[PDB]
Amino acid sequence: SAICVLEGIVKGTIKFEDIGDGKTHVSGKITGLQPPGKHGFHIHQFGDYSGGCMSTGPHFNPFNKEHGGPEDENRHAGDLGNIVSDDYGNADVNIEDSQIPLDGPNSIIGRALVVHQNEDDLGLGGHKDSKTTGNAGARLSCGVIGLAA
C-alpha cells in the first residue's frame, strides 16, 4: 500500500493499493477542485515539491513513450487521464491502472501525484504540448507518494 496527501489549493488523501496482479487501484475524496469538469491527473517523475509543484518535473515515463490517455498503448506510465469535479469542487477518484506498481524498478513510491487546472486532451488536442503534457495546464496541487501500512 501507498498514500498521497495533497498539498496546495486542492485538498485530499489519495490511497494506492496493489490489486493485483498487475493493477493498482487509486481512490480518495478531493475538494476545492475548480472549475467543475475534467482535470488532468498524473504521476510525475520526482517526489519533490520544495520549489512548488513545478519541481515534480515531467510525467513519469519509464517506458519512454509520448503523452497519451490511460487506455492508449502510447502513453506515459504516469498518465492517469482526467478526474471530474462537480459544481461544488468535489471529486471522487476511482481509477485502476497497471503501469503504476508499488514495487519493482518502475515503482511509483517516492514520486509525485499532480492534479491540474485543465482537461488533459489525452494527446489528441493538436496543441504544441499535447503530446507531452496533454495541455493540462497549471499544477493546482501535488503530494509525495508514500509507503503506507
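Start at 1 with the first residue shown and count on from there.
Higher average CA B factor: 64-72, of the stretches 64-72 and 41-49. Taking only CA atoms, the mean B-factor in the PDB entry is higher for 19-27 than for the other of 134-142 and 19-27. Across the residues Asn90, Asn118, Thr56, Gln99, the deposited record lists the maximum Cα B factor for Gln99. The PDB entry assigns its highest CA temperature factor, among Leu80, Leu113, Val84, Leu122, to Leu122.
Per the deposited record, the Cα B-factor of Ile108 falls in the middle third when ranked against the other modelled residues of its chain. Per-chain ranking of the deposited C-alpha B factor places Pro35 in the highest third.
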